[PDB]
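We just call them A, B, C, D, E, F, G, H and I in the order they show up, numbering each chain from 1.
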Amino acid sequence: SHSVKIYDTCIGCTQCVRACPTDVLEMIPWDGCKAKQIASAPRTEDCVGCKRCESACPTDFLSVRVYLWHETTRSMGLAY
Amino acid sequence: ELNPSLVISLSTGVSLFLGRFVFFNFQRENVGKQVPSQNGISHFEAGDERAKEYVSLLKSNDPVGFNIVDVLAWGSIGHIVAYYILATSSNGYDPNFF
Amino acid sequence: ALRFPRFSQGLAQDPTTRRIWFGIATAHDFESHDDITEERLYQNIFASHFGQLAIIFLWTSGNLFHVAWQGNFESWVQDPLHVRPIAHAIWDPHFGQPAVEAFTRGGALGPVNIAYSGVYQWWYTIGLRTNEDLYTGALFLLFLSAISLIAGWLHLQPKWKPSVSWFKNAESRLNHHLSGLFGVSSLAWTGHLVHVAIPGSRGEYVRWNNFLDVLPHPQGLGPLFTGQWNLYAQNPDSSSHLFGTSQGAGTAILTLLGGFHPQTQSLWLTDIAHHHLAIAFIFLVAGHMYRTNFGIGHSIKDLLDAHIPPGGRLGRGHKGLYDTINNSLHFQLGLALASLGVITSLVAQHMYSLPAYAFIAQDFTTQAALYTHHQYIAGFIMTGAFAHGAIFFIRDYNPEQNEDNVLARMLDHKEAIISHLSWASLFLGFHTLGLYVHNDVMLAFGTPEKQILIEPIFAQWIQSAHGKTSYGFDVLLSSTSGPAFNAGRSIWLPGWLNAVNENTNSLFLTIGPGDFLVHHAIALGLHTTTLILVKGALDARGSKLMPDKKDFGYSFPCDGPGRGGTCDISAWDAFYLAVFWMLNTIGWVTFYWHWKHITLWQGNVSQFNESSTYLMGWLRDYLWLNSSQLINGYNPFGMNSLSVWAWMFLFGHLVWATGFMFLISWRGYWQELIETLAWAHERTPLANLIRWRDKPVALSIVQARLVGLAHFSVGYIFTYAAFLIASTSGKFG
Amino acid sequence: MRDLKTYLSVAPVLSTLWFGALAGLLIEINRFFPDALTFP
Amino acid sequence: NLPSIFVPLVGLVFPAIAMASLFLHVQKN
Amino acid sequence: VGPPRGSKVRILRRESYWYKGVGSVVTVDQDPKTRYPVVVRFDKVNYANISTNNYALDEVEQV
Amino acid sequence: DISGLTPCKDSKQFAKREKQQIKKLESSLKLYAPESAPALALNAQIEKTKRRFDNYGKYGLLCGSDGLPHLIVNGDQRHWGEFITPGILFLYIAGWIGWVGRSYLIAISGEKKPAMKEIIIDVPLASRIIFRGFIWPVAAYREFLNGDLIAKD
Amino acid sequence: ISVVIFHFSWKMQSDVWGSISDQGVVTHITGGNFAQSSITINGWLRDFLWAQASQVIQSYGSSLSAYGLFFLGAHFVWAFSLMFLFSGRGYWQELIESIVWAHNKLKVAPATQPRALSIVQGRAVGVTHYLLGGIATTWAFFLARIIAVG
Amino acid sequence: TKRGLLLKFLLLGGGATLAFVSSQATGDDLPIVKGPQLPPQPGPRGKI
């Protein structure tokens, strides 16, 4: 299972969550940004590692980071 | 034609005299500042039991502390110089500069 | 971990074929294994070194045994200029009768291979004469291999494991290696040369059963302990001496003659013995520098800490470097690899110009093979030195403990370094290629007198400083009344000058405009390869495109398609790119060496002098001209003994082409295709009864780069090895 | 008129005009001073 | 004498035994 | 709180694309619970074609 | 002479090359009428070759044992026309180009969208800048002393 | 297409094209060597690539000298394409980062920020140069051979 | 039908049979066993 982490440079525009192809990320309440919401990754066991969230990250540097880790049948996108 | 025994004895004597009366203070004050260490502690303190210094070997009753290791080092230098003299005098090398 | 690999639990749970491929590829990366400790790391490395030594001894024992069993050493030592050395026999059931006839060479009774490693000359020079000598050498080497394995097993046991603190005692290891491994070994070798090899060259047969009864010198250790060492140099071998016999044989054991032996065209054995004695003395003296147990010596930490310039231009100087070097195995490996790669090229450059083995110099194929072999090994080692230096920056570098020392300032001005290397490489490439194309265009238009031919005057002046008189410079050793020539007038200058001014050996070959361009091509290749490797090492921890690169490791595929694209961004990818440039550079230097020597051995250097100034000359007069015999190894009219090299030529071409597949096509195309094959197997009758246990997947992104690079390198090596050996063996120069 | 002058100031058009002038100059120099290996 | 026996052993039999053993090892668990 | 709006500021964040560069302060958030209140606009676009970023109060130097 | 080379006015290989080139050119002359245009064109090539070889003789070039001119670069005062003077002229032209480029890049830096003057060039501004490279060494030196050449970051 | 045109060239030069004398005897360009030599890869390497390239490599100093120059140029472009095909833009953007520093040090950094070529664009450049070099190599080799010997 | 016995028997017996057959091959079956029948060719420059 890959590792997905969120840092507090988040501005909470929810761009990563709607770019997830496997529903790994979601938005949770917060108080550290004007949007009062931060991203979370409670379902990294469904992560495939396509890094689509980082392509949607507006912050510099990235506020969502994907580290490729141990490979499972779910993480390799196998249907057979 | 050079006597090997005389040359070797004189060179060893001169080297020992220099090491005991001339260059002793510099050598001691320099070894005082150079002790091998790893990660801020000596090799023995790190756990290397084979790196312990031989306290019973370096001690001596010389008034300034001249020991057997100093004798070996300066005698080796004297022997090297003596054999250089003997090997450089026997040959008939002439650098023809003039 | 329940399955394979047992050292990586994460790989063990992989349900695909990737679990196998990666398990093989990470076996020796002990630092990344499960539950690894520093003590276990050091002990495992110590054990692995013994196994490597055992393999090295077994390989040499096998070579000696096969030479003694199936070779023609005894017939070769009686006609070294007319007997082809035999490596081993051939037993292939696939051979046809013409293949059996064509491969019966030397004086053998069946198919054999002709040795091009130069072991025959090396063993003949050092005193070995009979097959029994090789037989008893092989047994001793097998015994050594067994003892190395036994020691490797012993130091892995609980009561013989060495501690980490013992592995980190740099001073004692340096003292013992400088004085014992280098100094004492050289003294033993010159002892062997004095006792066995030198008598052997004068017809005296000295072995274990009689070496206590024969005096190496008539005076017998008298002059050594008296001081008149000159008595060991008074009567050297005459110029009419024949090697291996007593005709014109002297009694000297340590001389300073210089030059080559007139018959064998190699260095004098007495000069070699004197050289090794001097080197043994130097190393024995140097081995008494560091403090171990007796209160005298130096501390490397204090030496590095005290070398801080007071001006502050080097920052904190070398302070703290002892701990970074001592606690990082990658730093040590990089330093060792850089030094070893430098001296491998040094060996290659010195062995062809100053042959040390009897009757090697007029064995052209062996010389070419040895030079190419050692230069390619050096090229690979030098890339490894930078790869591990890059790994050190990621895994072992501690920025806080290296504050403002000479190692942090490199990361401070990495941009200035990389830009200047880029400028140098760009300048060299632009101007070398422009001059080559200009000369090509002049030759195409029928006006060879419009070429830009620059004389390599600096190197010609250096040659004249060594005593070469073909340019009329009259400088230093080329002069008669100077002090430099007067100093060595009666020691080594006569023989050295006679060898240098002899225009049929490889000692300071005459150079012209053709050498100037190829040397700058070599310089461009060197600069570009170092540019790639240094940029990879200095950007390993991060850059503007990937500020957190150190968080992903030395080898990762990418950072994805975002931020414009991040292909080949890891430090491993810089090494992968630089291997191609190393191969190209070494190919250039080997092409230069081979073409310059093959024309000199043929008696017409003017073919190289006029045709090396433009690239079509290289294509036509070197590659096309010298491939006529090789490609005719087998033809519709028959075959000859060159058929192996003809087959290997095309084999290397095929492997080189296969590597392009992995280097060009990438993973997704293959994964989407493998899915269809999985469906097809799952829907085929009488094949549904068979099921795979590991899910078939395409090769990984990093795995494919490694596989393609391996195929590229294997084809590159095999094609040129076949071409070089076949071209130098069809005509023998 | 203004727009056409703006278009003629675009990078490719200016580049081809400049390199054409340079090529013509070099060609004429080589036609009148051919085969120059040195600078007298 | 020896080559006619040794070449089939090293070229065919030993690789087959090693491949079988290694395959059974990697397919374990 | 924070640099005045419209001022010129040097960026001290190491991982930022405009590290050691100069940008212009647009707005500064006054909520004390906001971790990175200083909004900065730059002349050059980063690798993601973005010209604006938020920085903390200690990553910005008034110049 | 230098490095064992002989001057091309003395070397016989140079003259032999000149003779063989003319002979090669004269063999194709046999296939045309003596008054035809191809015959007039090959004659012009023959005169061009004769002039080339005579010039190479007069300029005082050194030729190797192959009959081809060889360049001397070390700095000999009688061979400055092969590397030193052409190199100085190249370094004057290249510095001119670089300085005109730098001045144009500086002149458009302070605008609203300065990337539009990099794809659509302000030709009058370039005309203003271009002729400042004639004195580029003086200005390049003078911004070195004051400190307007290097950005101190 | 390269294999098809090589087949056509060798077959026509070996079994169809040739000369005929006023006796009734036919002599082909390569003398019917296709049947016994085109069945091995070594045959293609030796009797077709090595044998028939002897024209384009000895065309210097003649009217066909432009084909050897194009031969070398096509080889160069084909080799040049492998830089684009074997690498990726992440290395090149990082390398450009250092050159941009050198330009900024001398105040010559352009406003149009230099970017490495896109992932798709690098593939296009590599394949275009590969195809151009490969096709031009055969163009020059075929034309030189068939003009000199045809 | 004993898979443990069958694997060992097949591998070992097949290896022994292969070695035995290779050791019993004659010169008619294998050219490598027949050996050379022609005088050897000389080297490029007189080497044997």
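The definition used in the following text is that a residue touches a chain if its C-beta (ideal position, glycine included) is under 8 Å from a C-beta of that chain, and two chains touch if they have at least 3 such contacts.
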>> If I average the C-alpha coordinates per chain and also across every protein chain shown, which chain's average lies closest to the global one?
In response: C
> C-E versus A-C: which has more C-beta pairs touching?
Replying inline: A-C
>> Let me spell it out: compute each chain's centre from its C-alpha atoms, then which one is farthest from subunit A's centre?
In response: B
>> Nearest whole angstrom, what separates the Cα centre of subunit C from the Cα centre of subunit F?
In response: 54
>> Counting only Cα atoms for the centres, state how far subunit B is from subunit D in Å.
In response: 78
>> Rounded to a whole Å, what is the gap between the Cα centroids of subunit D and subunit E?
In response: 73
> How big is the gap, in whole Å, between where the Cα atoms of subunit E centre and where those of subunit I centre?
Replying inline: 16
>> Could you pull out the residues of subunit A that touch at least 2 other chains?
In response: 57, 61
> Where does subunit G touch two or more other chains at once, residue-wise?
Replying inline: 24, 52, 56, 69, 119, 153
>> I need the residues of subunit I touching at least two other chains; which ones are they?
In response: 22
> Which of the residues in subunit F come into contact with subunit A in the complex?
Replying inline: 15-18, 29, 31, 33-36, 46, 48, 50, 53-54
>> Show me the residue ranges of subunit F that touch subunit C in the complex, using the header's touch definition.
In response: 14-15, 17, 19, 46-48
> What residues of subunit A sit close enough to touch subunit C in their complex?
Replying inline: 50-51, 54-55, 57, 61, 65-73, 76, 78-80
> Of all residues in subunit C, which touch subunit H in the complex?
Replying inline: 414-416, 418-419, 422, 440-441, 443-446, 535, 539, 543-546, 558-559, 561, 564-569, 573-574, 577, 580, 615-616, 619-620, 624, 627-628, 631-636, 646, 650, 663-664
> If you look only at subunit C, which of its residues touch subunit G in the complex?
Replying inline: 446-455, 457-458, 460, 470-473, 512-513, 606, 609-610
